[PDB]
Amino acid sequence: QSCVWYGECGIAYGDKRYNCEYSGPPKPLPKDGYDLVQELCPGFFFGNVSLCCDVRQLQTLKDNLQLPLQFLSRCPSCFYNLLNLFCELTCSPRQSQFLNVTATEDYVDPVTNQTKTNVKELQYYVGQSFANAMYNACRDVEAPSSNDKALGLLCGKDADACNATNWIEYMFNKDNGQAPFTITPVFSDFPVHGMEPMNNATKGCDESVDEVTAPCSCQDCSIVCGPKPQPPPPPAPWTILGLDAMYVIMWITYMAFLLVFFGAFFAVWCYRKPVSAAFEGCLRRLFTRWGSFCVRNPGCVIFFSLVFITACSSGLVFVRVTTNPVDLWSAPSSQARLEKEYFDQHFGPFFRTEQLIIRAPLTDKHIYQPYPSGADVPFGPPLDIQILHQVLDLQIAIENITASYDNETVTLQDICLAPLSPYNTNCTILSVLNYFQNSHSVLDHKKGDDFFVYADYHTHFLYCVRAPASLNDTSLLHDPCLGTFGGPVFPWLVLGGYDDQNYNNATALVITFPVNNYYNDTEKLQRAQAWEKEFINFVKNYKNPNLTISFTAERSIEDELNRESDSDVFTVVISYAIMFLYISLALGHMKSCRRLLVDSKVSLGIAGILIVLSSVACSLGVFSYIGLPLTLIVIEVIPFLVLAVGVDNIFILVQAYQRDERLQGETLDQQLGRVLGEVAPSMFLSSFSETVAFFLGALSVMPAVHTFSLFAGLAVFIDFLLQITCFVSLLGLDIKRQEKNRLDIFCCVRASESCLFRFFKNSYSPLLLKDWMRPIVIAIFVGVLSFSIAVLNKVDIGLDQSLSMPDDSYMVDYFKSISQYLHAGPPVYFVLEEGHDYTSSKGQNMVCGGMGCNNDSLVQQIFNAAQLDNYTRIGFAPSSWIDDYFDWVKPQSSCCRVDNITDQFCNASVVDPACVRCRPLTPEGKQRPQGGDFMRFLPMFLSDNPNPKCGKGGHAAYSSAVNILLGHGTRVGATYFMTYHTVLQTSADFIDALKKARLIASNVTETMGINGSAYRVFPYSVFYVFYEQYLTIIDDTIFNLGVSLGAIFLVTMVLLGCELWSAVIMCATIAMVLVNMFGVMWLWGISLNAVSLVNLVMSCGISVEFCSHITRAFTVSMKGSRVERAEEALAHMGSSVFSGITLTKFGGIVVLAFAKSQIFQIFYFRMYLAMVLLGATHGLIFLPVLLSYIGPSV
Ligand SMILES: *[C@@H]1O[C@H](CO)[C@@H](O[C@@H]2O[C@H](CO)[C@@H](O)[C@H](O[C@@H]3O[C@H](CO)[C@@H](O)[C@H](O)[C@@H]3O)[C@H]2NC(C)=O)[C@H](O)[C@H]1NC(C)=O
Ligand SMILES: *[C@@H]1O[C@H](CO)[C@@H](O[C@H]2O[C@H](CO)[C@@H](O[C@H]3O[C@H](CO)[C@@H](O)[C@H](O)[C@@H]3O)[C@H](O)[C@H]2NC(C)=O)[C@H](O)[C@H]1NC(C)=O
Ligand SMILES: *[C@@H]1O[C@H](CO)[C@@H](O[C@@H]2O[C@H](CO)[C@@H](O)[C@H](O)[C@H]2NC(C)=O)[C@H](O)[C@H]1NC(C)=O
Ligand SMILES: *[C@@H]1O[C@H](CO)[C@@H](O[C@@H]2O[C@H](CO)[C@@H](O)[C@H](O)[C@H]2NC(C)=O)[C@H](O)[C@H]1NC(C)=O
Ligand SMILES: CC(C)CCC[C@@H](C)[C@H]1CC[C@H]2[C@@H]3CC=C4C[C@@H](O)CC[C@]4(C)[C@H]3CC[C@]12C
Ligand SMILES: *[C@@H]1O[C@H](CO)[C@@H](O)[C@H](O)[C@H]1NC(C)=O
Ligand SMILES: *[C@@H]1O[C@H](CO)[C@@H](O)[C@H](O)[C@H]1NC(C)=O
Ligand SMILES: *[C@@H]1O[C@H](CO)[C@@H](O)[C@H](O)[C@H]1NC(C)=O
Ligand SMILES: *[C@@H]1O[C@H](CO)[C@@H](O)[C@H](O)[C@H]1NC(C)=O
Ligand SMILES: *[C@@H]1O[C@H](CO)[C@@H](O)[C@H](O)[C@H]1NC(C)=O
Ligand SMILES: *[C@@H]1O[C@H](CO)[C@@H](O)[C@H](O)[C@H]1NC(C)=O
Ligand SMILES: *[C@@H]1O[C@H](CO)[C@@H](O)[C@H](O)[C@H]1NC(C)=O
Ligand SMILES: *[C@@H]1O[C@H](CO)[C@@H](O)[C@H](O)[C@H]1NC(C)=O
Ligand SMILES: *[C@@H]1O[C@H](CO)[C@@H](O)[C@H](O)[C@H]1NC(C)=O
C-alpha cells in the first residue's frame, strides 16, 4: 500500500480545491481533527492511525454532506454505506488498490514558489455488490415536504429510472455544483490489469449498524414491514334458526305454556262433560285504642305534631346543594376516583379546554400547483388565504379578552398554561395558525420574482404537517414551524374533515385554548370561570358572515344544565294545582245538589296537601342537619313519590269511613277508632314495606341512589306517622263540623255508597271474574311477560350526554361538529406508579420503546394498540420521555455538554470556552446511561430548552411528566406516557375505550412481574370517573332489585302472619311489574343509567301500594269460595285504590305531558307513566284472576 493524495493547494471555482498529488506512504495524523474522523467514518479509528487524510479535506466532506445527512440520515444503514463510499473514496489507507491517476499538471503558488501537482481527473474501481446493496437499501427513503422518493432530488431526474450506476456517476459529476472534479466510476467485481478493487461489508435497511441504533422504518424501507395487524371480531349472537336467541327461546316457552295450559282446561272440561291472629289482633287493638285517643284529645296531638314538624323542618337553614358533576356521578371511593386522586397529587390536574370549530361555508376549494414539477394538491375551503386572515383576526381578538372580577382583570395570558415558563411566556394555543406563528407578515410572505412563486404558505403548510417539530425548513424557505409557545403542534389536533393522512383536504379548523386547572385552590377557579363566561358571550356576539363557529368552554355543560333546570316550574306548579283540584272535588261524595257545599271535603284536602309538603320539608331538614347534601334528581323525584304514597292512604281512610254505617249506641270516637283499627294494618303494611325497601336500597355506592334512598325512606316513614297522628285528628274535627250542620270553608253560616263503588261492585268485578274471561286475562299477561323477558338483554347501557342538552343550544351544534369533523379524542395518561427502578439495564428494557428494549414493554404495547386503532380505541403513538432522553444524551447528537469545573449544564447555544461533552465518544459511551449517570444527566435534560442547534429539548413536553424526588441520591417518582384516544361519539364507545385501556395496563403489569403488588400501571382520562359506573351497573341492578324484593318479601311474611303463600303471590306480581318495566324501557328507548335504576327501585315500592291492599283484602276475608273472595276484595279495596293513587297520578302525568325538556320527557315522564298504568293494570286486572285461581285458603 501507499497513499495517493494530500492537501489542497489548487482552486477550481468558489471554494472548490483540486487535491494535491503525493504518492508516498500514509502520515500519522496531527491529533487535531480526531473528533471529525469518528463522525465521518469511524472504520479507520484504531489508534496508531497512519491515515493518508487531511482535516482540510474532512471539513469539506462535512460541509458538502449537509443535504445527504438531512435527507438520508433517517435510514442509518443507507447513510452508513454512503459514508463508507466517501470516506474510503477520499482518504482510505489502502487507496492505491482501487485507484489510478491518469492526467495531472503543475500549479503555481504565490507564497513560496514551489510548484504543486493538481489532480484534474482519474478513474475509480467500485464493486458491483456494494452498489446493488447500496441502491437497494436506499431506494425507498422519502423526502421532506413531499411524498416523493429522496433519490428524486439527488439523481438529477425522475425517481422511476435512476439506475444503480448512473446515480453514482451524477454524484461524482461537477454538474450538480458540489463535486470539485469529475471522477469516472468503473464497476467490476473481478481483477483487471492484475489490480483488484475494494469490496467491504454491506448492510441493508433491515440489518442494524450497531446494537443501540434501531432499524429503518417501513416508510423508508420496503423489506422490513410484512403483514398488517388484524383483530378477531366476536359478534356473539346465538341465532338458532335465523332470528335471535331469547326472541325464539321465549316464543317456544310461550307456545309450550299455552298448549300445556289450555289443554288441561279443555282436557278436564271435556272429561267432566293461630300464630297469625296473635300478632294481627294486638295491632288492631292498639290502633283502635290509639285512634279513639286521638279523636277525643285533638289539641295535645296536633300541638306535638306541629312542634315535631317545626323541630324537624328547621334544618333547612343548613341546606347545601351539590352541582359539581364528579361528586354527583362518581362514587367517592371508587377505583377511578382513587386513580384521579393519585394523578392530581403527583402530576397536577388535567387542564381545561375551550375549543372552537370554525368552518367556511361560502368559499370553494382551489388547486395548488407546484412550480418545478409535482402532482396537483387540492386545498379545502377554510385553508384559503382570506379565510386564514379572518380566523387569525378572530384568534387575536380572543386573546384580547379581559373579563373583570373583584375589580381586577383576569387575562388569558394570566390563566392559560405556558409549559416552559418563565423563559417563554406566551401560552399554548393549538391552532393551524401557530405553524405561521400568528403573524400576518409571516403568513403574507412569499419568496420569488414574477410569473410564479417559489415558496408560499401552501409549501410551508405541506412541509410542517409532515414534520411539525423542526426548527428550520432548510430547503428554499428556511422558517421554523414550532409555534409561539414553543413545542410542536400536531396536525390532527387542529384540523378535521380530512381523509386519513391527507391534511390538504381539511374542511374544518379546530382551535384549542388550554387553560390551567388548579388543585386545592378556589379563587383561581373562580378567576378561570369568570374568563370563560365572557369568552362564551363574545363568541355568541361575534358576527363574521364568512364563518360558522361551533364553540365550547369547560364549564359549559354545567351552565347548560343549570340554564335548562328552569322553564318547567310553570308546568310543575300547574301539575300540583290540578292534582289538588281533583283531591278537593273527588273526596266528597255529592249525593244531592242542595247539599253540595256541606258534604264537601275542601278543608280536608288542604290538610292533606300540607301534611305531604310538610313531610317533604321534615325529610329535607333532618338529613340537612345530619350533613347529607342534596341533588337535583331528588328535587324532581321526592314530591311526586311522597304524594303518590300519602294521597292513596288518605283516600283509603276517608272512603273507608264514608262507606261505613254507624252501629247503634256507638259514639264518634269509638266509630272512628273502629274504622281506623280495621283499615290501618294495610296502610301500615304499605308504608313499612316501602320504608324498609328504600332504606335497605341505601347500600349501593352510586350517589344518586344513595341520597334518593335516604330521602325517600325518611319521607315515606315521616308521612305515614304524620298522617296516623294529625290526619285522623283533623278527620275527627271535620266529621264534628259536618255533623253540627255548619257549612264548609268560609265560617259559621250553617253510609254513602259512592259512584265508583256501584260500578266496581256491580259491573266490573263479576264480569272480569267469569270463567270465559280469566283464561284470556292470564294468557295475555303471561304473553306480555314473555315479550318483556325476551327483549330484556337488548337494553342500552349509559347516557348519551347530549340529549341532556336543549334543542336550541350551542352544545348540541358542538356535538354535531365533533361527530362530523374531528379526528382525535381525549388524551390518555398511562401512569406508571412510584416504585420502579429506572437505573438498571432490565429496568430500562421493561419501559422503553427502542432498539434493545423488550418486545412486550409499555411503549411498544401502546404502539401495537395504535396499530389496531378500532378494536382498542387508542389512536396514536405514545410519545415517551425515556426514548427522547436517550436520543438527547447520546454523543453523536451533542445536545448534552457539561461544564468542566462546576458540573453545571453548558447550553447548546454558547460560545464554547472549555465545556466538554457529557458522555465520552467511545464504544462504551454509545450505550444507554445505565448507572448513576442516568440520574446525573436527567434533570439537565428536563431543564433543557428548544434550542435550534440541539433539537426539541425536554422542558416543553416532559417537565410535568417526570417527577424527581430530591434528596438521598434522587430517585425517579411516578411518570406518564401520554397518547390520545379516537373520536368518541356514544356511550358504547366511551365504555369500550375505558375497558380496553384497563386491559393494556393490566397486560403490562402482568409482564413486568412485580414481587407482590407494590405498584402497577393505570390509565387516566377525564371521562373515566363518569363512565366507570357502567362496568358494574348490571350487577348493581341485580343486587339492588333482588335485595329490595327480598326485603318486601320478608316484611310481608312478618306482617301478614306467617303465610308464605300470599307473600309469594304478591312478590311474583311485583317481579312481573319489574320485568315488564324493563320491556317498556326497551320499547320506548329509555336506557339503563343512574336515573333509571332510581326509577326502577321506586317502581318496586309503588307496585306494593297496589298489590298489598288487594291481597290483604283477599287474605283476611271469611267467605267460602275463591271467586267470591276475589270479587269482595276487588269491590272493597280496589274502589279506593283506583280512585286514590291511579286517577291522581294519571291526571298529574297527562297534565305534565307538555314538559319542554328532553331529560325530563324521557327519564321521568315515561318511567312514571309506565310505572303507574303498569302497576294499576297488573294489580286491578291480574291480582283478581291469579288469586281466584290459586289463592290461599282459610
Ligand atoms: C385528498 O388530497 C389528495 C392530495 O394528493 C388528493 O389526491 C389527488 O387528487 C387530485 C384531484 O384533482 C389530483 O389532481 C392529484 O393528482 C393527479 O396527479 C397525477 C400524477 O400522476 C396526474 O397525472 C393527474 O393528471 C392529476 O393531476 C391526486 N394526487 C395523487 C398523488 O393521487 C385527493 O383527491 C383528495 N381527496 C378528495 C376526496 O378530494
Ligand atoms: C376503523 O373505523 C371503521 C370501522 O369501525 C372503518 O371505516 C369504515 O368505513 C365504512 C363505514 O363507514 C366501511 O367501508 C364501506 O365502504 C367501502 C368502500 O371501499 C367498502 O369497501 C366497504 O364494504 C363498506 O361498504 C367500512 O366498514 C370501514 N372501512 C372501510 C373499508 O371503508 C375504518 O376503515 C377502520 N380503520 C381501521 C384502520 O381499522
Ligand atoms: C474494510 O474491511 C477491512 C477488513 O476487515 C477493515 O479493516 C480492519 O478494520 C478493523 C476495524 O477497527 C480493524 O480493527 C482491523 O485491524 C482492520 N484490519 C486491517 C487493516 O487489516 C476496514 O476497517 C473496512 N473499512 C471500513 C471503512 O470500515
Ligand atoms: C410569542 O413568543 C415569541 C418569542 O418566543 C415572541 O416573538 C416575536 O414576535 C414578534 C412580533 O410580535 C416578531 O417580530 C419576532 O420575530 C418574534 N421573535 C422571535 C425571536 O421569534 C412573540 O411576540 C410572542 N407572542 C405572540 C402573540 O406571538
Ligand atoms: C446533489 C448530490 C449529488 C450531492 C452529494 C454529493 C457530494 C456531497 C460529494 C460528491 C463528491 C464528493 C467530493 C469528492 C472529492 C473531494 C476532495 C477531497 O480532498 C475532499 C472531499 C471532497 C471535496 C468530496 C466532498 C463531498 C462530495 C462533493
Ligand atoms: C432489490 O430488492 C428487491 C426487493 O425489494 C428484490 O426483489 C431485487 O431482487 C433486488 N435487486 C438486486 C439485489 O439487484
Ligand atoms: C387588543 O390586542 C391588540 C393586539 O395588537 C392590542 O394592540 C390592544 O391594545 C388590545 N387591547 C384593547 C383593544 O383593549
Ligand atoms: C378596587 O379595590 C381597591 C383595593 O385594592 C380599592 O382601593 C378601589 O377603590 C376599588 N375600586 C372600586 C371601583 O371598587
Ligand atoms: C437554520 O437555518 C439555516 C438553514 O441552512 C442554518 O444554516 C442555521 O444554522 C439554522 N439556524 C440556527 C439558528 O442555527
Ligand atoms: C367576508 O369575505 C369577503 C370575501 O373574502 C371579504 O371581502 C369580507 O371582508 C369578509 N368579512 C366580513 C364580511 O366580515
Ligand atoms: C418477543 O420476545 C423475544 C425477544 O426477541 C423472542 O423470544 C420472541 O420470539 C419475540 N416474539 C416475536 C413475535 O418477535
Ligand atoms: C443558554 O444558556 C445561557 C447561559 O446559561 C442563557 O443566558 C441563555 O438564556 C440560554 N438559552 C436558552 C435556554 O435558549
Ligand atoms: C478539564 O479539567 C481537567 C482538570 O481539572 C483538565 O485536565 C482538563 O484539561 C480540562 N479540560 C478542559 C477542556 O478545560
Ligand atoms: C393482553 O394479553 C393477552 C394475553 O396475555 C392478549 O390476548 C391480549 O390481546 C392483550 N391485550 C392487548 C395487547 O391489548
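Residues numbered from 1 in each chain as written, not as in the entry; some residues may be left out. Chains lettered and ligands numbered in written order. Heavy atoms only, no water. Residues with missing side-chain atoms left out of burial classes, pairs and counts.

Per the deposited record, cryo-EM is how this structure was determined, to a resolution of 3.6 Å.

Observations concerning the overall build of the protein
When you go through the protein residue by residue, the secondary structure sums to 38 helices and 15 strands. Expected size for 1194 residues packed as a compact globule is a radius of gyration near 32 Å; at 43 Å, the protein overshoots this value by more than 25%. (Helix = DSSP H or I, 4+ residues; strand = E, 2+ residues; numbered from the N terminus. Rg over C-alpha atoms; globule rule 2.2 N^0.38 Å.)

Description of the UniProt feature "domain: SSD" in the protein
UniProt marks residues 568-733 with the feature "domain: SSD", using the numbering shown here. Regarding residues 568-733, the helix share stands at 77% and the strand share at 0%, and the terminal C-alpha atoms are separated by 38 Å. (UniProt positions renumbered as here; feature names shortened; annotations may be inferred.)

Observations regarding the site of ligand 9
Residues in close proximity to ligand 9 include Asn472, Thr474, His478 and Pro948, which together make up its full environment. Interatomic distance of 2.6 Å between a side-chain N/O atom of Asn472 and an oxygen atom of ligand 9. In terms of residue class, the shell around ligand 9 is made up of one nonpolar, three polar and no charged. (Near = heavy atom within 4 Å. Polar contact = N/O pair within 3.5 Å; in protein donor to acceptor, adjacent residues only side chain to side chain. Nonpolar A, V, L, I, M, F, W, Y, C, P; charged D, E, K, R; others polar.)

Some details on the UniProt feature "disulfide bond" in the protein
At 2.0 Å between sulfur atoms, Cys75 and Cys216 form the disulfide that UniProt records. Remark: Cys216 occurs in the loop between β5 (184-187) and α7 (246-271) and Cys75 occurs in the loop between α3 (66-72) and α4 (76-91); sequence separation between them is 141 residues. Neither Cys75 nor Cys216 differs from the other in exposure class; each is buried. Below 2.5 Å lies the sulfur separation expected of a disulfide, and the 2.0 Å found between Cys78 and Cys138, a pair UniProt records as linked, sits within that range. One end of the pair, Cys78, is in helix α4; the other, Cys138, is in helix α5 (residues 128-138), with 60 residues separating them in the sequence. For the pair formed by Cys78 and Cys138, the shared burial category is buried. (Disulfide = S-S within 2.5 Å. Buried < 20%, exposed > 50% of the residue type's maximum accessible area, 1.4 Å probe, protein only.)

Quick notes on the sheet that holds strand β12 (residues 827-832)
The strand order β13-β14-β12-β15 describes an open sheet built from four strands, whose pairing is antiparallel. Looking at strand neighbours, the two that pair on one side only are β13 (962-965) and β15 (1017-1020), the edges of this open sheet. Within the sheet, the average angular offset between the axes of one strand and its neighbour, ignoring direction, is 20°. As paired strands, β13 and strand β14 (residues 971-980) are joined by three bridges and run antiparallel to one another. Directly across from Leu965, in β14, lies its bridge partner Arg971. Contacts between helix α27 (residues 858-868) and the sheet are confined to β12, β14 and β15, with β14 contributing the most and set at about 10° to the helix. With respect to the sheet, helix α30 (residues 933-943) is in contact with β13 and β14, its orientation differing from that of β13 by roughly 130°. (Pairing = 2+ DSSP bridges. Axes fitted to C-alpha atoms, helices over the stretch in contact; angles between N-to-C directions. Contact = heavy atoms within 4.5 Å.)

A word on the state of the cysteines
Inspection of the entire model under this criterion finds 15 disulfides. Linked covalently through their sulfurs, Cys53 and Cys91 form a disulfide whose S-S length is 2.0 Å. Negative torsions about the S-S bond denote left-handed disulfides, and the value of about -55° found for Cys53 with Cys91 makes this one left-handed. With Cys53 in the loop between α1 (34-40) and α2 (55-64) and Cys91 in helix α4, this residue pair connects regions lying 38 residues apart in the sequence. There is a disulfide in this structure between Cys75 and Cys216, and the S-S distance comes to 2.0 Å. Here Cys75 and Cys216 share a disulfide; its torsion about the S-S bond, -135°, makes the bridge left-handed. This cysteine, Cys755, is not joined by any disulfide, and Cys593 carries the nearest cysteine sulfur, 13 Å off.

Some details on the site of ligand 12
Near ligand 12 you find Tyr423, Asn907, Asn945 and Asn947, and these make up its full shell. Contacts to ligand 12 include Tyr423, whose side-chain N or O atom sits 3.1 Å from an oxygen atom. Within the side chain of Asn907, an N or O atom sits 2.6 Å from an oxygen atom of ligand 12. Coverage of ligand 12 by the protein chains reaches 45% of its 360 Å² of free accessible surface. (Areas by Shrake-Rupley, 256 points an atom, 1.4 Å probe, with all protein chains shown as cover.)

With respect to the side chain of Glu1105
Within the secondary structure, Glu1105 sits in helix α35 (residues 1092-1115). Of the side chains with opposite charge, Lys1145 comes closest to the buried, unpaired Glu1105, at an N-O distance of 11 Å. Of the polar contacts made by the side chain of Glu1105, one reaches the side chain of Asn649; its length is 3.3 Å. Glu1105 has contacts with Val645, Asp648, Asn649, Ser686, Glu690, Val1137 and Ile1141, leaving out every residue within four places of it along the chain. (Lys, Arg positive; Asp, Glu negative; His and termini not counted. Salt bridge = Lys/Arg side-chain N within 4 Å of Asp/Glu carboxyl O.)

With respect to a nonpolar patch on the surface
Together, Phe570, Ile574, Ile578, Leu581 and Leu585 make up an exposed nonpolar region whose accessible area comes to about 530 Å². Note on placement: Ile578 falls in helix α18 (residues 569-586). On the accessibility criterion, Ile578 (37% relative accessible area) is partly exposed. (Patch = residues over 30% accessible without salt bridge, like charges linked within 9 Å, V, L, I, M, F, W, Y side chains within 5 Å.)

Some details on the environment of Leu1060
Note that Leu1060 resides in helix α34 (residues 1060-1084). Residue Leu1060 is classed as partly exposed on the basis of its relative accessible area of 47%.

Describing unusual backbone geometry
The general pattern is negative phi for most residues beyond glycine and trans for most peptide bonds. Unlike most non-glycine residues, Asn438 shows phi in positive territory, near 50°. For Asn438, the position within the fold is in the loop between α13 (412-415) and α14 (440-443).

Concerning the pattern of salt bridges
One pass over the full model with this rule turns up 27 salt bridges. For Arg74, the salt bridge identified is with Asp220, shortest N-O distance 2.8 Å. With a gap of 146 residues between them, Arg74 in the loop between α3 and α4 and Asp220 in the loop between β5 and α7 connect regions that are remote in the sequence. By relative accessible area, which is 42% here, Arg74 ends up partly exposed. The salt bridge partner of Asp344 is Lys340, with a shortest N-O separation of 3.4 Å. Taken together, the residues span about one helical turn, with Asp344 and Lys340 both in helix α11 (residues 335-346) at a distance of four residues. Classification of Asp344 as buried rests on a relative accessible area of 8%.

Considering the domain arrangement of the protein
For the protein, the domain assignment lists domain 1 (5-187), domain 2 (308-324 + 565-746 + 757-794 + 1032-1190) and domain 3 (338-556). Distance from the C-alpha centre of domain 2 to the C-alpha centre of domain 3: 58 Å. (Domains from an automatic or database assignment.)

Description of helix α33 (residues 1033-1055)
In a regular helix each residue adds 1.5 Å, so 23 residues correspond to 33 Å; α33 covers 33 Å between its end C-alpha atoms and thus fits that length. Regarding α33, the residues found buried are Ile1033, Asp1036, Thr1037, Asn1040, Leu1041, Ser1044, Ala1047, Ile1048, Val1051, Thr1052 and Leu1055. Where the residues of α33 are buried, they touch α8 (275-296), α21 (668-696), α34 and α35. Directly after α33, the chain includes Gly1057, whose backbone phi takes a positive value near 115°. (Expected span 1.5 Å × (residues − 1).)

Some words on the packing of aromatic side chains
The final tally for this structure, using the stated rule, is 61 aromatic pairs. Centre to centre, the rings of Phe261 and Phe265 are 4.7 Å apart; their planes meet at 55°, and the pair counts as tilted. With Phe261 and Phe265 both in helix α7 and four residues apart, this pair spans about one turn of that helix. Here the aromatic rings of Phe1023 and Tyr1027 are separated by 6.3 Å at their centres, their planes lie at 80°, and the arrangement is edge-to-face. Linked through ring pairs, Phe343, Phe347, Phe350, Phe351, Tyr829, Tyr976 and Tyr1020 together constitute an aromatic cluster. The ring of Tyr518 carries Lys524 above its face, with NZ or CZ at 4.5 Å from the centroid. Across from the ring centre of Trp1084, 5.1 Å away, lies the NZ or CZ of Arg1166, which sits over that ring. (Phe/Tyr/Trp six-rings, centres within 6.5 Å; stacked < 30°, edge-to-face > 60°. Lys NZ or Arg CZ within 6 Å of the ring centre and 35° of its normal.)

Topic: the environment of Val645
For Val645, the position within the fold is in helix α20 (residues 634-658). Judged by its relative accessible area of 2%, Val645 falls in the buried class. Separated by 33 residues in sequence, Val645 and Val612 place their C-alpha atoms 9.5 Å apart. In contact with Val645, not counting residues within four places along its chain, are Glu690 and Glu1105.

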